[PDB]
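Beneath this line is the structure, given in structure tokens, with notes to follow.
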Amino acid sequence: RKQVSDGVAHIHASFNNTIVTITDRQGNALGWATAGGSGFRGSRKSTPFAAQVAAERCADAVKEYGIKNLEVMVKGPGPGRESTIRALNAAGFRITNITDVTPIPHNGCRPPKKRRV
Amino acid sequence: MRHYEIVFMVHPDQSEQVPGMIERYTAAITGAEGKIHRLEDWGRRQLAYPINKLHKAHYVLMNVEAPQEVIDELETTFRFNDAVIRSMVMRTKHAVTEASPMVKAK
Amino acid sequence: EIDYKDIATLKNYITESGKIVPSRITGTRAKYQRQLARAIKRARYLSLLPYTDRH
Amino acid sequence: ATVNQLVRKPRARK
Amino acid sequence: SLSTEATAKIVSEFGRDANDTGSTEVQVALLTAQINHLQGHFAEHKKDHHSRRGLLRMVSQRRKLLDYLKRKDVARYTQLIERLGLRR
RNA sequence: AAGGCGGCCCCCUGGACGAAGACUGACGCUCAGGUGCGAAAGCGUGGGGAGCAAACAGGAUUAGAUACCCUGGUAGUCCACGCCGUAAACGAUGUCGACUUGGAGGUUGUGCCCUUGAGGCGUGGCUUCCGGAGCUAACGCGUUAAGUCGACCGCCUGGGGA
Ligand SMILES: [Mg+2]
Ligand SMILES: [Mg+2]
Ligand SMILES: [Mg+2]
Ligand SMILES: [Mg+2]
Ligand SMILES: [Mg+2]
Ligand SMILES: [Mg+2]
Ligand SMILES: [Mg+2]
Ligand SMILES: [Mg+2]
Ligand SMILES: [Mg+2]
Ligand SMILES: [Mg+2]
């Protein structure tokens, strides 16, 4: 219904959940998929295989725009950093750019307290 | 007497207004026994990162030997003028007269 | 003696992400290492070197 | 320990 | 402390020649002009307790040097106390 | 000096250290009261408010949860103006000076040298880790002493009460 041919993947990687989101070069979002609704809850949500089907199911909702060259923006220190990049090539794309976009403050705010266990 | 290196960059849409600001600021310095050592115009120059939603900033490098009369007024008229977007002064070790590495390659 | 204007010297002393390489890797003197730090911080205000590889 | 300290105040016998 | 024109002149004011720079009366005048230089600074900068340590050092240094000339020759002592405005 | 002190730039200002000499001539050391500085919490008046976060709100945990964990959240943290002057304010070593084998380094200078390289050779300031003699209850210290000595001051006298 529309042709952009230039993808940008702002993928998220937290300790609890990994979120794959396809967008364009100009901020207009094209589709998202979270590992919470992908049949993975709680401890199953914090699995690298949950990021393997989240990237594939998000890619199946953005092939209506005919994207062939996409950019990968990895954001977060969470696990699943490898399972979501290989899954984009499993969806039949031409992987071009991979860039870590993890936000690093310059000691802006004070971090929270410890979690002693 | 102090030795200053004065760095100020000009808004790129008023790049033709630069030689006016060169000789108006100079006459107030040299009248109060202020020397001058380096005056180099560089033109437009590509930025490492965008500032004030702009690109291709104009760069002018200076060296001014003058007493503390000019250090009060010249930094205020930089903040008063909207053409200069960044103003930076620094104290050096001696009166120096040497071409920049920007001029020696361009 | 060291100066901020010669950016070709400063390109050899930074990373691709704009991080300052310490004197452990390059093996430079500790007198210049404090001076090279403030010389980049002069050039970082003057938009000559990028902060991060983000922008 | 100093003799000159004991000029001001001697050793306090309990 | 001061520049070269303020330092070398006061040595020539109270010294017998240009070489008379190590004497005690010059050292009083080097501290007298310095405390008089810092009168308006500490009024504006009462929260600068670290430079006040340098100020209280020089007040204590001037008091010890006035005690040397007073115990040896009071004729040179009575000259300098009114010539710089001391004894309050 | 210590608590401490960290984007850059300007202004004001403090001490420290080195080289070459010139110059005053013991002008010094030390310190009971006195005097000032002095982490953070908290207190007074008036601002300020992101984030974090006593009390507290709510949900899990549980025998109960008051704590832990999580979602929020006020005082406070910020600034001005004061007051408060206590800390595991610790190098758990008061300050100053004189000497007594040495290494691995760091930092900061300076003097000379086929400059024959940012090097060779010396030589002060600061600082850490080893270690001989010596000391020590042991641990360890060991040219920055807790080695051998001097000058002066503080402080302790079984534990608990305190
Ligand atoms: Mg100085
Ligand atoms: Mg003599
Ligand atoms: Mg209160
Ligand atoms: Mg809680
Ligand atoms: Mg308050
Ligand atoms: Mg106590
Ligand atoms: Mg210890
Ligand atoms: Mg032994
Ligand atoms: Mg040892
Ligand atoms: Mg008792």
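Each chain in the structure tokens gets a letter, A, B, ..., in the order shown, and its residues are numbered from 1; ligands are numbered from 1 in order too.
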
Which residues are close to residue 2 of chain D, i.e. within 12 Å by only C-alpha atoms (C1' of nucleotides), leaving aside same-chain residues fewer than 6 positions away? Reply as a ChimeraX atom specification. /D:8-11 /F:151-154

Could the residues in this selection be saved with C-alpha atoms (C1' of nucleotides) as a PDB file, in the first residue's frame?
ATOM      1  CA  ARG D   8      52.005  21.246  85.462  1.00  0.00           C
ATOM      2  CA  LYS D   9      50.338  18.203  87.046  1.00  0.00           C
ATOM      3  CA  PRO D  10      51.968  15.228  88.815  1.00  0.00           C
ATOM      4  CA  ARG D  11      50.974  11.596  88.432  1.00  0.00           C
TER       5      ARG D  11
ATOM      6  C1'   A F 151      62.696  19.659  71.738  1.00  0.00           C
ATOM      7  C1'   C F 152      57.575  20.243  73.353  1.00  0.00           C
ATOM      8  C1'   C F 153      52.339  19.020  73.952  1.00  0.00           C
ATOM      9  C1'   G F 154      47.949  15.860  74.430  1.00  0.00           C
TER      10        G F 154
END

Would you kindly return, as a list in words, each protein, DNA or RNA residue with an atom no farther than 12 Å from any atom of residue 8 of chain C, considering only C-alpha atoms (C1' of nucleotides) and excluding same-chain residues fewer than 4 positions away? residues 101, 102 and 105 of chain B; 3, 4, 12, 13, 14, 40, 48 and 49 of chain C

Near-segment 34-36 of chain C list (10 Å; only C-alpha atoms (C1' of nucleotides); drop same-chain fewer than 4 positions) as an MDAnalysis selection string: chainID C and resid 1:4 9:10 13 20 22:23 29:30 40:42

Generate a file of the selected residues that holds C-alpha atoms, formatted as a compact mmCIF listing (two decimals), in the first residue's frame.
# COMPACT_ATOMS: atom_id res chain seq x y z
CA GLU C 1 53.76 22.64 23.46
CA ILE C 2 50.83 20.38 22.58
CA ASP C 3 47.82 22.09 21.03
CA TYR C 4 44.20 21.36 20.12
CA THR C 9 47.32 14.19 16.19
CA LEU C 10 43.98 13.99 18.02
CA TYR C 13 44.56 9.42 20.23
CA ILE C 20 39.99 8.97 24.76
CA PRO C 22 44.58 6.10 27.89
CA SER C 23 48.37 6.00 28.12
CA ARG C 29 54.10 10.15 28.80
CA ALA C 30 51.94 11.10 31.77
CA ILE C 40 40.31 17.22 23.44
CA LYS C 41 37.93 18.91 25.89
CA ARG C 42 38.77 22.19 24.16

Please write out the residues within 10 Å of ligand 10 as a PDB file with N, CA, C and O atoms (P, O5', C5', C4', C3', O3' and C1' of nucleotides), in the first residue's frame, counting only C-alpha atoms (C1' of nucleotides) and all ligand atoms.
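For reference, selection.pdb as written:
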ATOM      1  P     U F 157      41.695   5.894  82.401  1.00  0.00           P
ATOM      2  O5'   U F 157      42.568   4.864  83.242  1.00  0.00           O
ATOM      3  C5'   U F 157      42.633   3.494  82.860  1.00  0.00           C
ATOM      4  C4'   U F 157      43.548   2.686  83.750  1.00  0.00           C
ATOM      5  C3'   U F 157      43.326   2.835  85.257  1.00  0.00           C
ATOM      6  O3'   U F 157      43.497   1.568  85.887  1.00  0.00           O
ATOM      7  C1'   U F 157      45.572   3.355  84.722  1.00  0.00           C
ATOM      8  P     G F 158      42.259   0.862  86.628  1.00  0.00           P
ATOM      9  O5'   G F 158      41.726  -0.196  85.563  1.00  0.00           O
ATOM     10  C5'   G F 158      42.621  -0.857  84.681  1.00  0.00           C
ATOM     11  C4'   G F 158      42.056  -2.171  84.209  1.00  0.00           C
ATOM     12  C3'   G F 158      40.620  -2.130  83.712  1.00  0.00           C
ATOM     13  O3'   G F 158      40.509  -1.683  82.373  1.00  0.00           O
ATOM     14  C1'   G F 158      40.865  -3.917  85.228  1.00  0.00           C
ATOM     15  P     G F 159      39.221  -0.842  81.911  1.00  0.00           P
ATOM     16  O5'   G F 159      38.080  -1.941  81.752  1.00  0.00           O
ATOM     17  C5'   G F 159      38.181  -2.948  80.757  1.00  0.00           C
ATOM     18  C4'   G F 159      37.062  -3.952  80.868  1.00  0.00           C
ATOM     19  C3'   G F 159      35.654  -3.382  80.928  1.00  0.00           C
ATOM     20  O3'   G F 159      35.148  -3.015  79.658  1.00  0.00           O
ATOM     21  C1'   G F 159      35.903  -5.036  82.593  1.00  0.00           C
ATOM     22  P     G F 160      34.306  -1.657  79.487  1.00  0.00           P
ATOM     23  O5'   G F 160      32.978  -1.911  80.329  1.00  0.00           O
ATOM     24  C5'   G F 160      31.998  -2.834  79.877  1.00  0.00           C
ATOM     25  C4'   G F 160      30.981  -3.139  80.947  1.00  0.00           C
ATOM     26  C3'   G F 160      30.173  -1.961  81.461  1.00  0.00           C
ATOM     27  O3'   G F 160      29.108  -1.592  80.603  1.00  0.00           O
ATOM     28  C1'   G F 160      30.945  -3.231  83.289  1.00  0.00           C
ATOM     29  P     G F 161      28.805  -0.039  80.323  1.00  0.00           P
ATOM     30  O5'   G F 161      28.381   0.542  81.746  1.00  0.00           O
ATOM     31  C5'   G F 161      27.135   0.192  82.333  1.00  0.00           C
ATOM     32  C4'   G F 161      27.086   0.534  83.803  1.00  0.00           C
ATOM     33  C3'   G F 161      27.018   2.012  84.150  1.00  0.00           C
ATOM     34  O3'   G F 161      25.705   2.532  84.043  1.00  0.00           O
ATOM     35  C1'   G F 161      28.612   0.936  85.533  1.00  0.00           C
ATOM     36  P     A F 162      25.338   3.609  82.908  1.00  0.00           P
ATOM     37  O5'   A F 162      26.668   3.747  82.043  1.00  0.00           O
ATOM     38  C5'   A F 162      26.659   4.472  80.816  1.00  0.00           C
ATOM     39  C4'   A F 162      28.035   4.943  80.405  1.00  0.00           C
ATOM     40  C3'   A F 162      29.030   3.847  80.019  1.00  0.00           C
ATOM     41  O3'   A F 162      29.861   4.322  78.961  1.00  0.00           O
ATOM     42  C1'   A F 162      29.923   5.140  81.778  1.00  0.00           C
TER      43        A F 162
END

Surrounding residues of residue 145 of chain F excluding itself and chain neighbours under 4 positions, 12 Å, only C-alpha atoms (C1' of nucleotides), as a VMD selection string: chain F and resid 93 100 134 to 136 140 to 141

Restrict the selected residues to C-alpha atoms (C1' of nucleotides) and save them as a PDB file, in the first residue's frame.
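Output (again-v1.pdb):
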ATOM      1  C1'   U F  93      50.482   6.239  64.029  1.00  0.00           C
ATOM      2  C1'   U F 100      71.565   4.567  59.884  1.00  0.00           C
ATOM      3  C1'   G F 134      67.802  -3.319  64.121  1.00  0.00           C
ATOM      4  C1'   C F 135      62.978  -3.126  66.900  1.00  0.00           C
ATOM      5  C1'   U F 136      58.457  -5.594  68.213  1.00  0.00           C
ATOM      6  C1'   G F 140      54.352  -6.189  60.814  1.00  0.00           C
ATOM      7  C1'   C F 141      57.430  -1.609  60.566  1.00  0.00           C
TER       8        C F 141
END

Near-ligand residues for ligand 7, threshold 10 Å, only C-alpha atoms (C1' of nucleotides) and all ligand atoms, as a PyMOL selection string: chain F and resi 90-92

Take the selection from the previous step and output its residues with N, CA and C atoms (P, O5', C5', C4', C3', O3' and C1' of nucleotides), as a PDB file, in the first residue's frame.
ATOM      1  P     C F  90      41.092  10.556  61.796  1.00  0.00           P
ATOM      2  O5'   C F  90      41.753   9.159  61.415  1.00  0.00           O
ATOM      3  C5'   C F  90      42.933   9.106  60.620  1.00  0.00           C
ATOM      4  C4'   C F  90      43.016   7.834  59.808  1.00  0.00           C
ATOM      5  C3'   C F  90      42.058   7.744  58.621  1.00  0.00           C
ATOM      6  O3'   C F  90      42.698   7.049  57.553  1.00  0.00           O
ATOM      7  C1'   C F  90      41.653   5.947  60.106  1.00  0.00           C
ATOM      8  P     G F  91      43.492   7.869  56.422  1.00  0.00           P
ATOM      9  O5'   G F  91      44.967   7.271  56.469  1.00  0.00           O
ATOM     10  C5'   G F  91      45.277   6.036  55.830  1.00  0.00           C
ATOM     11  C4'   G F  91      46.264   5.206  56.619  1.00  0.00           C
ATOM     12  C3'   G F  91      45.862   4.876  58.059  1.00  0.00           C
ATOM     13  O3'   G F  91      46.288   3.552  58.378  1.00  0.00           O
ATOM     14  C1'   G F  91      47.957   5.963  58.050  1.00  0.00           C
ATOM     15  P     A F  92      45.205   2.403  58.681  1.00  0.00           P
ATOM     16  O5'   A F  92      44.389   2.960  59.930  1.00  0.00           O
ATOM     17  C5'   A F  92      44.991   3.042  61.216  1.00  0.00           C
ATOM     18  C4'   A F  92      44.227   3.964  62.133  1.00  0.00           C
ATOM     19  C3'   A F  92      44.965   4.352  63.411  1.00  0.00           C
ATOM     20  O3'   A F  92      44.545   5.653  63.831  1.00  0.00           O
ATOM     21  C1'   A F  92      43.010   3.144  63.965  1.00  0.00           C
TER      22        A F  92
END

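Among the candidates E:73, E:13, E:20, E:44, the residue lying nearest to ligand 2 is E:20 (atoms considered: only C-alpha atoms and all ligand atoms).
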
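Taking only C-alpha atoms (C1' of nucleotides) and all ligand atoms into account, every polymer residue with at least one atom at most 10 Å away from ligand 6 is listed here: residues 86, 87 and 89 of chain F.
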
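Atom pair atom CA of residue 80 of chain A / atom CA of residue 55 of chain C: separated by 24.9 Å.
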
Please report, as a PyMOL selection string, each residue of chain A to which DSSP assigns alpha helix (DSSP H) when run on this structure's backbone. chain A and resi 50-59+86-89

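Between atom CA of residue 95 of chain B and atom CA of residue 37 of chain B the separation is 7.5 Å.
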
Grab me every residue within 8 Å of ligand 8, counting only C-alpha atoms (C1' of nucleotides) and all ligand atoms, and send it over as a ChimeraX atom specification. /F:131-133

Serialized selection, N, CA and C atoms (P, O5', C5', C4', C3', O3' and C1' of nucleotides), as a PDB file, in the first residue's frame:
ATOM      1  P     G F 131      58.755  -9.012  52.088  1.00  0.00           P
ATOM      2  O5'   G F 131      60.274  -8.725  52.474  1.00  0.00           O
ATOM      3  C5'   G F 131      61.336  -9.357  51.776  1.00  0.00           C
ATOM      4  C4'   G F 131      62.617  -8.573  51.904  1.00  0.00           C
ATOM      5  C3'   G F 131      63.040  -8.222  53.322  1.00  0.00           C
ATOM      6  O3'   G F 131      63.705  -9.287  53.977  1.00  0.00           O
ATOM      7  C1'   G F 131      63.171  -6.296  51.970  1.00  0.00           C
ATOM      8  P     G F 132      63.969  -9.229  55.562  1.00  0.00           P
ATOM      9  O5'   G F 132      65.459  -8.680  55.678  1.00  0.00           O
ATOM     10  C5'   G F 132      66.527  -9.347  55.023  1.00  0.00           C
ATOM     11  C4'   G F 132      67.850  -8.668  55.274  1.00  0.00           C
ATOM     12  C3'   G F 132      68.146  -8.293  56.715  1.00  0.00           C
ATOM     13  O3'   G F 132      68.603  -9.387  57.491  1.00  0.00           O
ATOM     14  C1'   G F 132      68.668  -6.473  55.305  1.00  0.00           C
ATOM     15  P     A F 133      68.123  -9.547  59.014  1.00  0.00           P
ATOM     16  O5'   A F 133      68.972  -8.455  59.802  1.00  0.00           O
ATOM     17  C5'   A F 133      70.387  -8.547  59.875  1.00  0.00           C
ATOM     18  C4'   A F 133      71.007  -7.248  60.324  1.00  0.00           C
ATOM     19  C3'   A F 133      70.530  -6.705  61.663  1.00  0.00           C
ATOM     20  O3'   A F 133      71.164  -7.321  62.770  1.00  0.00           O
ATOM     21  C1'   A F 133      70.505  -4.972  60.068  1.00  0.00           C
TER      22        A F 133
END

Could the residues of chain C within 10 Å of chain A, counting only C-alpha atoms, be given as a ChimeraX atom specification, please? /C:52-55
